[PDB]
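Below is one structure, written out as structure tokens; comments come after it.
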Amino acid sequence: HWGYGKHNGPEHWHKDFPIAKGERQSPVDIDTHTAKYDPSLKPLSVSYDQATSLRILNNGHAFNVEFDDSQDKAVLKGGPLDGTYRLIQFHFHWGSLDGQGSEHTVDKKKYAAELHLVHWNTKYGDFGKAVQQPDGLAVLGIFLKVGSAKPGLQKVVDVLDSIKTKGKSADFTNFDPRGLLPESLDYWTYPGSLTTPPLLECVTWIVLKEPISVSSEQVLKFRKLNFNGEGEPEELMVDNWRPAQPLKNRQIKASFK
Ligand SMILES: CCCCCCNC(=O)c1ccc(S(N)(=O)=O)cc1
Ligand SMILES: [Zn+2]
């Protein structure tokens, strides 16, 4: 099955998931000079005061911090979106070295990592139905650069030792995702897809302009995770990012001037 190695990596995904070559794939390069300021975009509304984290899971491609999405606790609204999108999980993509790891790029620049806060449109009733719809998901993407530590990330990095291998999970309650946000909510937006199989074309992407800073030590601990299961030959979980895909007939809009 699919992964990030030579033999099962992004260049192979199209054979099981033909939509890999579709018309609205993600990630993309954000060309800052071509993205047009759209004065009709609203401020995003990130309402995470009542967020309820439950568990952290190594799923063999990344680790997901999962939320209680059984009612409207943590939601994303506004910006390019109509309606209410419930936070279900967040995860990251990162590199083997600081010079690569993000999925989106900004004028071809790759960041050390990228955080994805994944939300589903509650008008579809459940996540499985939402991913079948062109406006089913909203993913808030946040770049990570290496510099100063991010205090709000430390609880995540401290639990990684306990979910080293694929299929391990740990209790992860009372985590506040507001501690992973940058100061500004200025963003770019475009229609796209999940960036892992099944690559469904169901996502309104909202990518924040301001990266967060994390420390070298913090990102080093991401790279000690394993793609493999317990007792299997060790394959460090690094470079779990899909490269930029063709923009095709899409426009990336800026919320800021
Ligand atoms: C029930 C539907 C299963 C969909 C497969 C599970 N995959 C996801 O739910 C999913 C979420 C976010 C992204 S991303 N990297 O674009 O933020 C990618 C994949
Ligand atoms: Zn992702």
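Labeling convention for the structure tokens: chains A, B, ... as they appear, residues from 1 per chain, ligands from 1 in order of appearance.
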
Could you name the residues that touch region 222-239 of chain A at 9 Å or less, counting only C-alpha atoms, but leaving out those on the same chain fewer than 4 positions away, as a PyMOL selection string? chain A and resi 3-4+58-63+93-97+100-102+157+160-161+163-168+218

Please produce a file of those selected residues containing N, CA, C and O atoms, as a short mmCIF file (atom, residue, chain, number, x, y, z; two decimals), in the first residue's frame.
data_model
loop_
_atom_site.label_atom_id
_atom_site.label_comp_id
_atom_site.auth_asym_id
_atom_site.auth_seq_id
_atom_site.Cartn_x
_atom_site.Cartn_y
_atom_site.Cartn_z
N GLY A 3 2.69 4.94 0.45
CA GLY A 3 3.49 5.57 1.50
C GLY A 3 4.32 6.70 0.93
O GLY A 3 3.86 7.43 0.04
N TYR A 4 5.51 6.89 1.46
CA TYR A 4 6.41 7.97 1.00
C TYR A 4 7.77 7.49 0.56
O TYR A 4 8.72 8.31 0.43
N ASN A 58 -0.51 7.35 16.04
CA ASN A 58 0.45 7.20 14.89
C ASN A 58 -0.22 6.28 13.88
O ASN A 58 -0.48 5.09 14.20
N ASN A 59 -0.54 6.81 12.71
CA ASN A 59 -1.31 5.98 11.74
C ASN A 59 -0.42 5.44 10.62
O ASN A 59 -0.93 4.88 9.62
N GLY A 60 0.90 5.53 10.81
CA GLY A 60 1.87 5.00 9.84
C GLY A 60 2.26 5.98 8.75
O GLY A 60 3.12 5.68 7.93
N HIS A 61 1.56 7.12 8.67
CA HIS A 61 1.95 8.21 7.71
C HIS A 61 2.17 9.51 8.43
O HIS A 61 2.96 10.30 7.97
N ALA A 62 1.52 9.72 9.58
CA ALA A 62 1.74 10.91 10.39
C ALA A 62 1.18 10.59 11.77
O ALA A 62 0.93 9.42 12.04
N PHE A 63 1.08 11.57 12.66
CA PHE A 63 0.31 11.36 13.88
C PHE A 63 -0.88 12.32 13.89
O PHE A 63 -0.76 13.50 13.52
N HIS A 93 3.01 17.52 8.40
CA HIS A 93 3.91 16.90 7.41
C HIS A 93 5.25 17.53 7.66
O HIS A 93 5.31 18.74 7.96
N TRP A 94 6.35 16.75 7.60
CA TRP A 94 7.65 17.39 7.89
C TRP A 94 8.75 16.71 7.15
O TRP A 94 8.54 15.67 6.53
N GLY A 95 9.95 17.30 7.20
CA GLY A 95 11.05 16.77 6.39
C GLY A 95 12.11 16.00 7.18
O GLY A 95 12.08 15.90 8.45
N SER A 96 13.06 15.43 6.42
CA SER A 96 14.26 14.85 7.07
C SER A 96 15.28 15.95 7.50
O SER A 96 16.17 15.69 8.35
N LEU A 97 15.19 17.12 6.89
CA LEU A 97 16.01 18.28 7.15
C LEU A 97 15.16 19.53 7.15
O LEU A 97 14.07 19.50 6.59
N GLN A 100 13.01 21.20 3.92
CA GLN A 100 11.89 20.62 3.20
C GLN A 100 10.96 20.05 4.24
O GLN A 100 11.38 19.90 5.41
N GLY A 101 9.72 19.80 3.83
CA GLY A 101 8.77 19.21 4.77
C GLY A 101 7.37 19.73 4.56
O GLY A 101 6.40 18.98 4.76
N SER A 102 7.23 21.02 4.16
CA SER A 102 5.86 21.50 3.91
C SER A 102 5.33 20.92 2.59
O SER A 102 6.10 20.45 1.71
N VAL A 157 4.97 17.23 21.43
CA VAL A 157 6.23 16.54 21.21
C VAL A 157 6.55 15.64 22.41
O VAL A 157 7.14 14.58 22.24
N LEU A 160 5.24 11.90 21.94
CA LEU A 160 5.59 11.18 20.71
C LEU A 160 6.33 9.88 21.03
O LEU A 160 6.15 8.86 20.31
N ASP A 161 7.12 9.89 22.11
CA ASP A 161 7.87 8.67 22.51
C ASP A 161 6.90 7.50 22.78
O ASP A 161 7.27 6.31 22.59
N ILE A 163 4.01 6.90 21.19
CA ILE A 163 3.30 6.42 19.99
C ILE A 163 4.33 6.27 18.85
O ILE A 163 4.13 6.78 17.74
N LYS A 164 5.48 5.65 19.17
CA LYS A 164 6.62 5.64 18.23
C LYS A 164 6.23 4.99 16.92
O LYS A 164 6.66 5.45 15.87
N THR A 165 5.44 3.91 17.00
CA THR A 165 5.23 3.06 15.80
C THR A 165 3.76 3.04 15.35
O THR A 165 2.83 3.35 16.14
N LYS A 166 3.56 2.64 14.11
CA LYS A 166 2.24 2.60 13.48
C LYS A 166 1.24 1.81 14.30
O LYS A 166 1.56 0.67 14.72
N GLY A 167 0.05 2.39 14.53
CA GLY A 167 -1.06 1.77 15.26
C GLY A 167 -1.01 2.05 16.76
O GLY A 167 -1.96 1.62 17.50
N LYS A 168 0.03 2.73 17.27
CA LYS A 168 0.03 3.09 18.72
C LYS A 168 -0.73 4.39 18.87
O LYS A 168 -0.62 5.29 18.04
N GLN A 218 12.29 20.54 18.85
CA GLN A 218 10.95 20.11 18.68
C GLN A 218 10.79 19.26 17.37
O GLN A 218 10.25 18.12 17.38
#

Exercise: region 115-130 of chain A partners within 7 Å, only C-alpha atoms, chain neighbours under 5 positions left out, as a PDB file with N, CA, C and O atoms, in the first residue's frame:
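Okay, around12.pdb is ready:
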ATOM      1  N   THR A  84     -20.618  25.965   8.654  1.00  0.00           N
ATOM      2  CA  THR A  84     -19.907  25.636   9.881  1.00  0.00           C
ATOM      3  C   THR A  84     -19.140  24.362   9.688  1.00  0.00           C
ATOM      4  O   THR A  84     -19.702  23.355   9.250  1.00  0.00           O
ATOM      5  N   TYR A  85     -17.845  24.418   9.981  1.00  0.00           N
ATOM      6  CA  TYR A  85     -16.987  23.242   9.802  1.00  0.00           C
ATOM      7  C   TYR A  85     -16.403  22.831  11.136  1.00  0.00           C
ATOM      8  O   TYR A  85     -15.772  23.674  11.813  1.00  0.00           O
ATOM      9  N   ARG A  86     -16.581  21.565  11.518  1.00  0.00           N
ATOM     10  CA  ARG A  86     -16.175  21.072  12.867  1.00  0.00           C
ATOM     11  C   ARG A  86     -14.763  20.505  12.785  1.00  0.00           C
ATOM     12  O   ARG A  86     -14.477  19.714  11.863  1.00  0.00           O
ATOM     13  N   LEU A  87     -13.896  20.892  13.739  1.00  0.00           N
ATOM     14  CA  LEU A  87     -12.541  20.344  13.816  1.00  0.00           C
ATOM     15  C   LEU A  87     -12.643  18.851  14.177  1.00  0.00           C
ATOM     16  O   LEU A  87     -13.244  18.486  15.217  1.00  0.00           O
ATOM     17  N   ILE A  88     -12.042  17.991  13.352  1.00  0.00           N
ATOM     18  CA  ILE A  88     -11.972  16.540  13.683  1.00  0.00           C
ATOM     19  C   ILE A  88     -10.562  16.089  14.133  1.00  0.00           C
ATOM     20  O   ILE A  88     -10.437  15.197  15.014  1.00  0.00           O
ATOM     21  N   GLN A  89      -9.511  16.642  13.491  1.00  0.00           N
ATOM     22  CA  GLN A  89      -8.122  16.237  13.840  1.00  0.00           C
ATOM     23  C   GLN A  89      -7.162  17.217  13.281  1.00  0.00           C
ATOM     24  O   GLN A  89      -7.505  17.987  12.382  1.00  0.00           O
ATOM     25  N   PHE A  90      -5.977  17.252  13.860  1.00  0.00           N
ATOM     26  CA  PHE A  90      -4.851  17.903  13.220  1.00  0.00           C
ATOM     27  C   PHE A  90      -3.663  16.951  13.106  1.00  0.00           C
ATOM     28  O   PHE A  90      -3.524  16.007  13.891  1.00  0.00           O
ATOM     29  N   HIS A  91      -2.797  17.227  12.128  1.00  0.00           N
ATOM     30  CA  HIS A  91      -1.540  16.459  11.986  1.00  0.00           C
ATOM     31  C   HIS A  91      -0.560  17.382  11.246  1.00  0.00           C
ATOM     32  O   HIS A  91      -0.904  18.535  10.864  1.00  0.00           O
ATOM     33  N   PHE A  92       0.665  16.892  11.085  1.00  0.00           N
ATOM     34  CA  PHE A  92       1.708  17.646  10.397  1.00  0.00           C
ATOM     35  C   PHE A  92       2.300  16.817   9.288  1.00  0.00           C
ATOM     36  O   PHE A  92       2.172  15.577   9.271  1.00  0.00           O
ATOM     37  N   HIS A  93       3.008  17.519   8.398  1.00  0.00           N
ATOM     38  CA  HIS A  93       3.909  16.904   7.412  1.00  0.00           C
ATOM     39  C   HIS A  93       5.248  17.528   7.663  1.00  0.00           C
ATOM     40  O   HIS A  93       5.307  18.736   7.959  1.00  0.00           O
ATOM     41  N   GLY A 136     -16.951  19.757   1.153  1.00  0.00           N
ATOM     42  CA  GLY A 136     -17.077  18.991   2.373  1.00  0.00           C
ATOM     43  C   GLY A 136     -16.109  19.306   3.478  1.00  0.00           C
ATOM     44  O   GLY A 136     -16.510  19.175   4.677  1.00  0.00           O
ATOM     45  N   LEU A 137     -14.853  19.691   3.142  1.00  0.00           N
ATOM     46  CA  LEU A 137     -13.839  19.878   4.195  1.00  0.00           C
ATOM     47  C   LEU A 137     -13.248  21.288   4.066  1.00  0.00           C
ATOM     48  O   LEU A 137     -13.225  21.899   2.971  1.00  0.00           O
ATOM     49  N   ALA A 138     -12.744  21.802   5.193  1.00  0.00           N
ATOM     50  CA  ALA A 138     -11.910  23.025   5.200  1.00  0.00           C
ATOM     51  C   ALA A 138     -10.670  22.647   5.990  1.00  0.00           C
ATOM     52  O   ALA A 138     -10.793  22.144   7.117  1.00  0.00           O
ATOM     53  N   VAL A 139      -9.476  22.779   5.374  1.00  0.00           N
ATOM     54  CA  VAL A 139      -8.247  22.498   6.070  1.00  0.00           C
ATOM     55  C   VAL A 139      -7.477  23.802   6.226  1.00  0.00           C
ATOM     56  O   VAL A 139      -7.243  24.522   5.250  1.00  0.00           O
ATOM     57  N   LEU A 140      -7.129  24.100   7.478  1.00  0.00           N
ATOM     58  CA  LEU A 140      -6.419  25.315   7.806  1.00  0.00           C
ATOM     59  C   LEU A 140      -4.952  24.849   7.814  1.00  0.00           C
ATOM     60  O   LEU A 140      -4.579  23.976   8.622  1.00  0.00           O
ATOM     61  N   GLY A 141      -4.118  25.432   6.961  1.00  0.00           N
ATOM     62  CA  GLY A 141      -2.719  24.996   6.849  1.00  0.00           C
ATOM     63  C   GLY A 141      -1.826  26.077   7.439  1.00  0.00           C
ATOM     64  O   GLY A 141      -2.058  27.289   7.207  1.00  0.00           O
ATOM     65  N   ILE A 142      -0.836  25.665   8.230  1.00  0.00           N
ATOM     66  CA  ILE A 142       0.040  26.622   8.955  1.00  0.00           C
ATOM     67  C   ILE A 142       1.462  26.137   8.754  1.00  0.00           C
ATOM     68  O   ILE A 142       1.789  24.969   9.061  1.00  0.00           O
ATOM     69  N   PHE A 143       2.308  27.025   8.254  1.00  0.00           N
ATOM     70  CA  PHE A 143       3.744  26.636   8.023  1.00  0.00           C
ATOM     71  C   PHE A 143       4.524  26.680   9.322  1.00  0.00           C
ATOM     72  O   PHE A 143       4.233  27.502  10.190  1.00  0.00           O
TER      73      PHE A 143
END

Using only C-alpha atoms, which protein or nucleic acid residues come within 12 Å of residue 249 (chain A)? Drop anything in the same chain fewer than 4 positions from it, and give the result as a count of residues only. 7

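Using only C-alpha atoms and all ligand atoms, the smallest distance between any of A:194, A:46, A:112, A:153 and ligand 2 comes from A:194.
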
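Nearest to ligand 1 of all the residues A:247, A:75, A:199, A:170 is A:199, counting only C-alpha atoms and all ligand atoms.
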
Test item, strand (DSSP E or B) assignment across region 44-196 of chain A, answer as a ChimeraX atom specification: /A:44-47,53-58,63-67,75-78,85-94,105-106,109,113-121,137-146,169-171,187-192

Excluding residue 45 (chain A) and any residue of its chain fewer than 4 positions from it, enumerate the residues within 7 Å of it, using only C-alpha atoms, and give them as a PyMOL selection string. chain A and resi 76-78

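Among the candidates A:1, A:255, A:98, A:55, the one nearest to residue 110 (chain A) when counting only C-alpha atoms is A:98.
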
Taking the chain letters and numbering used in this document, name the residues of region 1-212 of chain A that DSSP puts in helix (DSSP H, G or I), as a ChimeraX atom specification. /A:10-16,18-21,122-124,127-130,151-163,177-180

Keeping only N, CA, C and O atoms, write the selected residues as a short mmCIF file (atom, residue, chain, number, x, y, z; two decimals), in the first residue's frame.
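The resulting file, selection.cif, is shown below:
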data_model
loop_
_atom_site.label_atom_id
_atom_site.label_comp_id
_atom_site.auth_asym_id
_atom_site.auth_seq_id
_atom_site.Cartn_x
_atom_site.Cartn_y
_atom_site.Cartn_z
N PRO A 10 4.53 9.37 -3.58
CA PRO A 10 3.59 10.18 -4.35
C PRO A 10 3.55 9.91 -5.84
O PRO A 10 2.45 10.04 -6.42
N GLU A 11 4.70 9.62 -6.48
CA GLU A 11 4.71 9.38 -7.94
C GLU A 11 3.99 8.08 -8.35
O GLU A 11 3.75 7.82 -9.57
N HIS A 12 3.71 7.22 -7.37
CA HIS A 12 3.01 5.97 -7.63
C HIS A 12 1.51 6.01 -7.31
O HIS A 12 0.76 5.07 -7.69
N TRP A 13 1.07 7.03 -6.56
CA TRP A 13 -0.29 6.98 -6.00
C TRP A 13 -1.39 6.88 -7.07
O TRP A 13 -2.46 6.33 -6.81
N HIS A 14 -1.12 7.49 -8.24
CA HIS A 14 -2.12 7.52 -9.29
C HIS A 14 -2.58 6.12 -9.72
O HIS A 14 -3.70 5.98 -10.26
N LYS A 15 -1.73 5.10 -9.53
CA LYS A 15 -2.14 3.77 -10.01
C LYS A 15 -3.27 3.21 -9.18
O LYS A 15 -4.21 2.67 -9.74
N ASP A 16 -3.26 3.40 -7.86
CA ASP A 16 -4.48 3.04 -7.13
C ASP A 16 -5.54 4.14 -7.00
O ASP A 16 -6.73 3.82 -6.70
N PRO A 18 -6.54 7.19 -9.25
CA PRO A 18 -6.36 7.91 -10.50
C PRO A 18 -6.64 9.43 -10.37
O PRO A 18 -6.19 10.20 -11.18
N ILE A 19 -7.44 9.82 -9.37
CA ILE A 19 -7.76 11.22 -9.12
C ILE A 19 -6.47 11.99 -8.76
O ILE A 19 -6.45 13.23 -8.77
N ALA A 20 -5.39 11.26 -8.44
CA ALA A 20 -4.08 11.91 -8.21
C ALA A 20 -3.71 12.86 -9.35
O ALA A 20 -2.88 13.78 -9.14
N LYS A 21 -4.22 12.59 -10.56
CA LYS A 21 -3.90 13.42 -11.72
C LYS A 21 -5.09 14.30 -12.05
O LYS A 21 -5.27 14.71 -13.24
N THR A 122 -20.80 20.67 8.55
CA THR A 122 -21.76 19.92 9.38
C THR A 122 -23.09 19.71 8.65
O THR A 122 -23.91 18.89 9.03
N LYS A 123 -23.17 20.47 7.38
CA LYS A 123 -24.39 20.23 6.65
C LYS A 123 -24.46 18.84 6.04
O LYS A 123 -25.55 18.46 5.57
N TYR A 124 -23.32 18.12 5.99
CA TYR A 124 -23.27 16.76 5.52
C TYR A 124 -23.40 15.70 6.63
O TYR A 124 -23.45 14.50 6.36
N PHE A 127 -18.33 12.95 8.73
CA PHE A 127 -17.10 13.12 7.98
C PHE A 127 -17.04 12.29 6.72
O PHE A 127 -16.63 12.81 5.68
N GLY A 128 -17.45 11.01 6.81
CA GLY A 128 -17.51 10.16 5.63
C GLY A 128 -18.37 10.70 4.50
O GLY A 128 -18.05 10.49 3.34
N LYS A 129 -19.48 11.35 4.81
CA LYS A 129 -20.30 11.97 3.75
C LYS A 129 -19.68 13.28 3.24
O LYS A 129 -19.79 13.61 2.04
N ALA A 130 -19.08 14.05 4.16
CA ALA A 130 -18.47 15.35 3.83
C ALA A 130 -17.36 15.13 2.79
O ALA A 130 -17.29 15.91 1.82
N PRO A 151 5.81 27.19 22.53
CA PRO A 151 5.41 26.60 23.81
C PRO A 151 4.19 25.71 23.70
O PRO A 151 4.20 24.65 24.31
N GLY A 152 3.21 26.08 22.88
CA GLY A 152 1.98 25.32 22.75
C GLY A 152 2.14 24.00 22.05
O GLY A 152 1.25 23.17 22.13
N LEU A 153 3.26 23.79 21.37
CA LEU A 153 3.56 22.49 20.75
C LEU A 153 4.19 21.47 21.68
O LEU A 153 4.19 20.28 21.37
N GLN A 154 4.74 21.91 22.82
CA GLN A 154 5.57 21.01 23.60
C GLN A 154 4.78 19.80 24.12
O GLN A 154 5.32 18.70 24.17
N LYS A 155 3.51 19.98 24.47
CA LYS A 155 2.76 18.80 24.95
C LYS A 155 2.65 17.71 23.89
O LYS A 155 2.62 16.50 24.21
N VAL A 156 2.58 18.13 22.62
CA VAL A 156 2.52 17.17 21.55
C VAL A 156 3.89 16.48 21.45
O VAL A 156 3.97 15.26 21.39
N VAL A 157 4.97 17.23 21.43
CA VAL A 157 6.23 16.54 21.21
C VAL A 157 6.55 15.64 22.41
O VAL A 157 7.14 14.58 22.24
N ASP A 158 6.10 15.99 23.61
CA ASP A 158 6.42 15.13 24.73
C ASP A 158 5.74 13.78 24.77
O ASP A 158 6.24 12.86 25.46
N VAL A 159 4.62 13.63 24.06
CA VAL A 159 3.94 12.35 24.04
C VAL A 159 4.42 11.39 22.87
O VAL A 159 4.01 10.21 22.81
N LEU A 160 5.24 11.90 21.94
CA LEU A 160 5.59 11.18 20.71
C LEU A 160 6.33 9.88 21.03
O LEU A 160 6.15 8.86 20.31
N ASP A 161 7.12 9.89 22.11
CA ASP A 161 7.87 8.67 22.51
C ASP A 161 6.90 7.50 22.78
O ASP A 161 7.27 6.31 22.59
N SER A 162 5.68 7.81 23.18
CA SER A 162 4.72 6.78 23.55
C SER A 162 3.86 6.27 22.37
O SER A 162 3.05 5.31 22.52
N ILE A 163 4.01 6.90 21.19
CA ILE A 163 3.30 6.42 19.99
C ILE A 163 4.33 6.27 18.85
O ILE A 163 4.13 6.78 17.74
N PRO A 177 -5.66 23.67 20.93
CA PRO A 177 -5.00 23.94 19.64
C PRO A 177 -4.80 25.42 19.35
O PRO A 177 -4.05 25.79 18.39
N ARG A 178 -5.40 26.28 20.18
CA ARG A 178 -5.18 27.75 19.98
C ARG A 178 -3.68 28.05 20.16
O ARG A 178 -3.16 29.04 19.61
N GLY A 179 -2.96 27.18 20.90
CA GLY A 179 -1.52 27.40 21.12
C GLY A 179 -0.64 27.09 19.94
O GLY A 179 0.58 27.31 20.03
N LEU A 180 -1.23 26.66 18.81
CA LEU A 180 -0.44 26.35 17.59
C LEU A 180 -0.64 27.44 16.53
O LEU A 180 -0.07 27.31 15.41
#

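Shortest separation to residue 193 (chain A) among A:215, A:174, A:133, A:50 occurs at residue A:133, atoms counted being only C-alpha atoms.
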
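When only C-alpha atoms are used to compute distances to residue 213 (chain A), the closest of the residues A:51, A:149, A:81, A:185 turns out to be A:149.
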
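Separating CA of residue 253 (chain A) from CA of residue 182 (chain A) is a distance of 19.7 Å.
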